[PDB]
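Since the structure comes first, as structure tokens, the remarks are kept for the end.
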Ligand SMILES: [Zn+2]
Ligand SMILES: [Zn+2]
């Protein structure tokens, strides 16, 4: 599951040979990229769409932690870290989107939405690796505003209720990849994400 | 208002960078240019010259890193999108080439944020990255300036040659195989310092289309030089407009519609005009006017009818009045003609000479002259060096058949194979010339070709079929254009540009026609013209603007084509005013029957004013 | 034209700008912006002390001795302009008015630039240890210590820009003045006899080329894609090519920094 | 950061910031951003005027984030709001 996106199932990642290959440099750009749309769909469903049963998330973290401290099997430690790192990148992507959508606690309710609360549980149980991965995620968001990279976009309102936030998130995450054959708003919004 | 300030600061930066480059160009020639002319100037040694260069480079390094990283990132995104188009399929509305690419504010931003996080660890798969290249024009000012620095510092302290190593013609020169890919804006790839300019090929292609009015107005812009048809035709359209309006002497032509008399009348006046003039002095005219008799009315539409009328006389393959063979033929694909040498009489030279003028006259006043020419004959007209790649335009069959011969000569067994063919340096002429073996080199009949000189044999076949057989027409047809257009007005445009300006668009494009013409009746009219056959579109435009084709640019209509809807009347027929290219159609509340009036009007093939 | 309350020159009555600084010095004389067509009326209501011109040969000779014996060229006048700045304004104003003549400032200015002391004062006029009476600075003796710093840093450069702009843009006359300014600068930039002079001439040239680059950029940014004002800026850079390239390198760097960040 | 920021130039200022360069419960944080232990009080005192405009212009957007230092250094404008609303809620109770 986690190492999906790599290898070929149904997408232009598959059939990258002569049929989708005009001299070798076509594959070079098609390679060096690993799919994560399928991975993101699994993560978003497990964090957002599912209920507060909080048993599948514990079950997933139980086996990841168990293999992260396995020594008697040769080479198991290295593949456990690579699996963990890719999974934590997916959770950070969902957490950034969810937190950016929702507004600040202006009503002094002192309540954090359940989907975000599940994201924090993953980060805490994997503290050394989550801290490392959140460092790179933050760097990707603020690098365009360090220079004039722009992509101005347009201002948008901030959702106050949970239901509105779950609306926007699923539009961009429940998506099928592909088959085979105003500037100041963007800077301020990226700075808010950082 | 941020991007306006950032783009202005980038323009101010470029003005300073040019001065450093301009100043540093005077260092080698200081004692001859500055120290002598200026009464009071400093004296420069050599040690401070190299130290000065080190100072400039170290200052410009931070800007170099800023620009290169941005241009590298955008180029990889643009190239990756083109890779996805080839592999992905059309249809699914996220394909880059699908119709949609041509949403809530919240939804629009979340994709940009998601794209950046995915591309940091280079995941970015199966989705086209979000990129608003129209917002990077302050970057384009910086990059264009630093190129100017290194495009001139390199001097201070095309025509594809390869003959061998062939590839199938289907993707080697695709323009030759489908000659209908000549859109006015067709990308050059589809038809067919230095390292950095080629390293960012795609990025410099988008620049010069979105950033040409600003950037490209600068005194040393690469985008202006890198520009293709869109900037070169506008420059030419002004170039011969300047010489058209300055002239105060006009010429009058007078011919009839009859085929035999038309050629006789047209020649009888053209040579008379050259009699009072000189060969060295160009035949530049303010305006040449021709009126057909038995039909009163003078105007622009009459002139357009003439160029088509004179073209059909030479287009056809029948004989001509003696004052003897037809002077054109199609050796390769249909539509593209090559001169017929024939008996090489003095009268034939004038016929090929005088067809040159009408090509220049058409360009001078910017009509269309439907005399389609092969690539090689167009090239020799402009003066560019003919090579062994445009021979593919002469025909696809022979070069491809000849291409296998070099490819087969790459094996040792080909020596035994070559003994079977045992070709010699002799070529049999086509049935066009009446046949007959011709020697490529002296005593070539007794000398059989070998795989050793297949490299040598190939080039002797081409130019024998290219130049010498058509030596006197190509040398005669040339001063036809020469005597009317100046020497220094055609060097910029290539053989590919020349065709679009002379012959216009290859086919009558309805999708361009709608964007060119101006006015529920229209929708019925537009549906009719979509399905009506391709054979008689040329007549409709001939009915429309007295020409079978369309100009390759929107400006090519002087004035713009218009259509006016008259009050309803089912008895009358549509009438076109060619002098203003205005078509009047009665307001018909029916679609199928309206086509009958259009077909009836088209078949008339008559004009009157 | 000017108006004076004390002399009664009002309404239709006016006095020329030459009479304002001599006949009406110290009065309540102010410039007015009305009715551009006029003529002087100073004598009709005042004893005009400007109707007589003296011996011209003695005027120049007197200027020669004052520029040699005395140290008077460094002192600015009551309006804050050093003598060189005043003269350049006169030449620019004169060359427009004097074109309407139907049948000294040029000579003095071309002579003042020829000596090193005047050029040193003009180019470094706003710089510290040189104080403009009318500037908001040179009053820093009663403000808090933190206020006094933040003001020792930064150096006045408006007066230098005004002088440089006039000699390049406004003084559209002959080029003799611009070559004269460079002639004494380059000579003082290659003199090895007087000790402690090379490093001083280097600093003066740096400051001057900074003003030219500031003027050259604004003119080029304003204009669309060669005008004489730009051609004069280009000539200055060529004559001091080693010292112009490095100055332009910093000028370009300052413009692109906010875009880069 | 001992020297008072004096130059009003972005290029020079960026040069300065660059060229100047057991039981687990015993672990203690060690903020030393590019040398020297840094306290929020020192940074707040250094950027004083810049933080007065920030808390007075960007009060509805940047002054609304969780744990923002724009709203607990705020003046009357932020003080008149939370007291009256808190009083109003108590009054209606
Ligand atoms: Zn007075
Ligand atoms: Zn007077």
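Numbers in chain A come straight from Swiss-Prot, and the residues shown are 1342-1522, 1776-1788, in order.
Backbone N, Cα and C atoms are what each Cβ position is placed from, and that goes for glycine too.
Annotated phosphoserine per Swiss-Prot: A:1355 (among others), in sequence order, evidence recorded as experimental evidence. The Cβ of residue A:1355 (phosphoserine) has A:1349, A:1521 as same-chain neighbours under 8 Å, each 6 or more residues away in sequence.
Note: residue A:1375 (phosphoserine) has non-local neighbours A:1346, A:1347, i.e. same-chain residues 6+ apart with C-beta under 8 A of its own C-beta. The phosphoserine annotation in Swiss-Prot covers A:1375 (among others) and is backed by experimental evidence.
For residue A:1481 (phosphoserine), the Cβ neighbour count at a 10 Å cut-off comes to 22, with all displayed protein chains included. Marked as phosphoserine by Swiss-Prot on the basis of experimental evidence: A:1481 (among others).
Residues or ranges marked as phosphoserine by Swiss-Prot: A:1780 (among others). Summarising the environment of residue A:1780 (phosphoserine), the number of other Cβ atoms within 10 Å of its Cβ, over all protein chains shown, is 24.
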Conformational class of residue A:1780 (phosphoserine) under the three-state DSSP mapping
helix
Measure from the CA atom of residue A:1481 (phosphoserine) to the CA atom of residue A:1780 (phosphoserine) and give the result in Å, rounded to a whole number.
14
